[PDB]
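File shown: final-v8.pdb. Contents: PDB, C-alpha atoms.
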```pdb
ATOM      1  CA  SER A  22      70.194 121.541  88.738
ATOM      2  CA  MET A  23      73.277 122.192  86.754
ATOM      3  CA  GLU A  24      75.406 121.537  89.899
ATOM      4  CA  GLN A  25      73.844 118.028  90.324
ATOM      5  CA  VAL A  26      74.714 117.268  86.722
ATOM      6  CA  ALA A  27      78.333 118.475  87.182
ATOM      7  CA  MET A  28      78.612 116.306  90.326
ATOM      8  CA  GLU A  29      77.225 113.374  88.354
ATOM      9  CA  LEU A  30      79.777 113.942  85.553
ATOM     10  CA  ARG A  31      82.621 113.883  88.210
ATOM     11  CA  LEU A  32      81.212 110.558  89.595
ATOM     12  CA  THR A  33      81.071 109.119  86.088
ATOM     13  CA  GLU A  34      84.608 110.086  85.432
ATOM     14  CA  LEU A  35      85.766 108.640  88.815
ATOM     15  CA  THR A  36      83.927 105.433  87.818
ATOM     16  CA  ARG A  37      85.873 105.425  84.515
ATOM     17  CA  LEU A  38      89.186 105.753  86.313
ATOM     18  CA  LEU A  39      88.261 103.128  88.993
ATOM     19  CA  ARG A  40      87.259 100.717  86.228
ATOM     20  CA  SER A  41      90.739 100.997  84.725
ATOM     21  CA  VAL A  42      92.277 100.597  88.275
ATOM     22  CA  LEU A  43      90.108  97.501  88.854
ATOM     23  CA  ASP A  44      91.219  95.960  85.588
ATOM     24  CA  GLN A  45      94.851  96.561  86.373
ATOM     25  CA  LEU A  46      94.509  95.077  89.903
ATOM     26  CA  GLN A  47      92.646  92.034  88.645
ATOM     27  CA  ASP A  48      95.449  91.364  86.134
ATOM     28  CA  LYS A  49      97.689  90.900  89.161
ATOM     29  CA  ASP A  50      95.490  87.830  90.025
ATOM     30  CA  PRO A  51      96.126  85.642  87.067
ATOM     31  CA  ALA A  52      95.025  82.517  88.940
ATOM     32  CA  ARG A  53      91.541  84.118  89.444
ATOM     33  CA  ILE A  54      91.694  83.295  93.127
ATOM     34  CA  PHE A  55      89.885  86.559  93.994
ATOM     35  CA  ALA A  56      87.523  86.734  91.032
ATOM     36  CA  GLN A  57      84.357  85.508  92.702
ATOM     37  CA  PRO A  58      82.845  85.256  96.238
ATOM     38  CA  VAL A  59      84.036  82.448  98.415
ATOM     39  CA  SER A  60      81.306  79.794  97.891
ATOM     40  CA  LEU A  61      79.237  79.140 101.065
ATOM     41  CA  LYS A  62      78.233  75.799  99.555
ATOM     42  CA  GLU A  63      81.946  74.818  99.462
ATOM     43  CA  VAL A  64      83.115  76.696 102.613
ATOM     44  CA  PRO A  65      79.985  76.509 104.785
ATOM     45  CA  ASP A  66      81.593  78.011 107.947
ATOM     46  CA  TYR A  67      83.077  81.007 106.072
ATOM     47  CA  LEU A  68      80.891  83.737 107.625
ATOM     48  CA  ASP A  69      81.804  82.461 111.079
ATOM     49  CA  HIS A  70      85.401  83.565 110.242
ATOM     50  CA  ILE A  71      84.988  86.482 107.835
ATOM     51  CA  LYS A  72      82.379  89.106 108.578
ATOM     52  CA  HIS A  73      82.663  91.194 105.432
ATOM     53  CA  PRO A  74      83.456  88.948 102.395
ATOM     54  CA  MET A  75      84.712  90.671  99.257
ATOM     55  CA  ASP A  76      85.861  89.724  95.751
ATOM     56  CA  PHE A  77      86.446  91.326  92.385
ATOM     57  CA  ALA A  78      83.007  90.485  90.921
ATOM     58  CA  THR A  79      81.282  92.087  93.892
ATOM     59  CA  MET A  80      83.455  95.215  93.491
ATOM     60  CA  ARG A  81      82.613  95.364  89.797
ATOM     61  CA  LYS A  82      78.851  95.301  90.581
ATOM     62  CA  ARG A  83      79.284  98.193  92.999
ATOM     63  CA  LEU A  84      81.474 100.088  90.555
ATOM     64  CA  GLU A  85      78.991  99.790  87.664
ATOM     65  CA  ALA A  86      76.198 101.085  89.836
ATOM     66  CA  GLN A  87      78.521 104.074  90.515
ATOM     67  CA  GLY A  88      78.619 103.011  94.146
ATOM     68  CA  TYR A  89      82.163 104.189  94.955
ATOM     69  CA  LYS A  90      82.051 107.938  95.905
ATOM     70  CA  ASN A  91      85.818 108.282  96.274
ATOM     71  CA  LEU A  92      89.008 106.206  95.915
ATOM     72  CA  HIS A  93      89.109 105.503  99.710
ATOM     73  CA  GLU A  94      85.858 103.474  99.490
ATOM     74  CA  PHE A  95      87.286 101.445  96.543
ATOM     75  CA  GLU A  96      90.522 100.802  98.380
ATOM     76  CA  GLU A  97      88.594  99.668 101.462
ATOM     77  CA  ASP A  98      86.965  96.889  99.381
ATOM     78  CA  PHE A  99      90.316  95.903  97.779
ATOM     79  CA  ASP A 100      91.946  95.665 101.178
ATOM     80  CA  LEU A 101      89.077  93.397 102.362
ATOM     81  CA  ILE A 102      89.846  90.957  99.560
ATOM     82  CA  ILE A 103      93.465  90.708 100.738
ATOM     83  CA  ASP A 104      92.941  90.915 104.445
ATOM     84  CA  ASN A 105      90.067  88.312 104.536
ATOM     85  CA  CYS A 106      92.300  85.855 102.634
ATOM     86  CA  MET A 107      95.330  86.373 104.882
ATOM     87  CA  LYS A 108      93.196  85.610 107.979
ATOM     88  CA  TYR A 109      91.264  82.575 106.667
ATOM     89  CA  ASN A 110      94.187  80.926 104.981
ATOM     90  CA  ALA A 111      97.518  79.980 106.543
ATOM     91  CA  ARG A 112     100.857  81.392 105.424
ATOM     92  CA  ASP A 113     101.896  78.186 103.660
ATOM     93  CA  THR A 114      98.970  78.193 101.216
ATOM     94  CA  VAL A 115      98.666  79.232  97.603
ATOM     95  CA  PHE A 116      95.745  81.458  98.674
ATOM     96  CA  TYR A 117      97.693  83.470 101.265
ATOM     97  CA  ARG A 118     100.662  83.751  98.948
ATOM     98  CA  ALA A 119      98.393  85.025  96.083
ATOM     99  CA  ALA A 120      97.060  87.707  98.407
ATOM    100  CA  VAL A 121     100.554  88.875  99.355
ATOM    101  CA  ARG A 122     101.540  89.154  95.685
ATOM    102  CA  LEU A 123      98.279  90.981  94.841
ATOM    103  CA  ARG A 124      98.856  93.448  97.709
ATOM    104  CA  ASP A 125     102.466  94.110  96.671
ATOM    105  CA  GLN A 126     101.716  94.529  92.997
ATOM    106  CA  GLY A 127      98.493  96.483  93.537
ATOM    107  CA  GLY A 128     100.323  99.058  95.690
ATOM    108  CA  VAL A 129     102.053 100.539  92.642
ATOM    109  CA  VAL A 130      98.762 100.895  90.731
ATOM    110  CA  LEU A 131      96.957 102.426  93.665
ATOM    111  CA  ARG A 132      99.791 104.898  94.382
ATOM    112  CA  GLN A 133      99.377 106.440  90.924
ATOM    113  CA  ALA A 134      95.577 106.253  91.066
ATOM    114  CA  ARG A 135      95.637 108.450  94.158
ATOM    115  CA  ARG A 136      97.816 111.031  92.380
ATOM    116  CA  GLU A 137      95.373 111.003  89.354
ATOM    117  CA  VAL A 138      92.273 111.355  91.474
ATOM    118  CA  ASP A 139      93.825 114.367  93.328
ATOM    119  CA  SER A 140      95.349 115.795  90.126
ATOM    120  CA  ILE A 141      92.161 115.643  87.924
ATOM    121  CA  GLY A 142      90.053 116.470  91.053
TER     122      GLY A 142
END
```
Just dump the structure as structure tokens.
Amino acid sequence: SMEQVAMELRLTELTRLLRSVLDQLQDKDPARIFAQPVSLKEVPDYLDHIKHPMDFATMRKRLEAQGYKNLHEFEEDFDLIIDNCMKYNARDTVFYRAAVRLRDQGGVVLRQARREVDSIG
């Protein structure tokens, strides 16, 4: 149908905007601490601690399959990155501290993303 096509165009455009959001958030991780999944070879107990692992490469795979329907779903995954790190790692670690900085800096980006998603529809 024409409606299904229009809906698909909307999803494609959301995917365009979320790709720009993702790039901007990932720039706030210049150490690449959150770039890839925590390695289960190197942290073999990880899934005993963290039930829903997340990282920027995993988000990018989902994004490119158009697997985020709305900004809320995208934000859920970004918050997992931060929140998983802040539980597994102690406060006095470079990992925890990176997550705090990513959260604080990402907030700005996500605030305007929400306005754009609502504005453009």
Q: Would you mind listing what lies within 7 Å of stretch 47-63 of chain A as a ChimeraX atom specification, with all atoms listed in the file counted and same-chain residues fewer than 5 positions away left out?
A: /A:75-78,123,126
Output the selection as an mmCIF file, in the coordinates of the input - C-alpha atoms for each residue.
```cif
data_model
loop_
_atom_site.group_PDB
_atom_site.id
_atom_site.type_symbol
_atom_site.label_atom_id
_atom_site.label_comp_id
_atom_site.auth_asym_id
_atom_site.auth_seq_id
_atom_site.Cartn_x
_atom_site.Cartn_y
_atom_site.Cartn_z
ATOM 1 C CA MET A 75 84.712 90.671 99.257
ATOM 2 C CA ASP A 76 85.861 89.724 95.751
ATOM 3 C CA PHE A 77 86.446 91.326 92.385
ATOM 4 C CA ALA A 78 83.007 90.485 90.921
ATOM 5 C CA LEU A 123 98.279 90.981 94.841
ATOM 6 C CA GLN A 126 101.716 94.529 92.997
#
```
Q: Would you mind reading off the distance between atom CA of residue A:113 and atom CA of residue A:70, one decimal, in Å?
A: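 Between atom CA of residue A:113 and atom CA of residue A:70 the gap works out to 18.6 Å.
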Q. Quick one, how far is atom CA of residue A:129 from atom CA of residue A:35?
A.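 Atom-to-atom, atom CA of residue A:129 and atom CA of residue A:35 are spaced 18.6 Å apart.
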(Q) So the first atom is atom CA of residue A:122 and the second is atom CA of residue A:108; what is the distance between them in Å, to one decimal place? (A)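 So the answer is 15.3 Å.
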Q: Carefully work through the PyMOL selection byres ((chain A and resi 95-104) around 9) for this structure and note down the residues it includes, as a VMD selection string.
A: chain A and resid 39 46 55 73 to 77 80 84 89 to 94 105 to 109 117 119 to 121 123 to 124 131
Q) Which neighbours of residue A:34 fall inside 10 Å, counting only C-alpha atoms, when residues of the same chain fewer than 6 positions from it are skipped, and could you give them as a ChimeraX atom specification? A) /A:28,40,87,138,141
Listed atoms of stretch 103-122 of chain A boxed axis-aligned with 6 Å per side, centre + edges as JSON:
```
{"center_x": 96.0, "center_y": 84.6, "center_z": 101.8, "size_x": 23.8, "size_y": 24.7, "size_z": 24.3}
```
Q. For residue A:134, which residue among A:69, A:31, A:38, A:26 is the nearest when counting only C-alpha atoms?
A.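 Answer, going by the shortest atom-to-atom distance: A:38.
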Q) A:118, A:135, A:81, A:112: which is nearest residue A:44, counting all atoms listed in the file? A)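 Nearest candidate to residue A:44 out of A:118, A:135, A:81, A:112: A:81.
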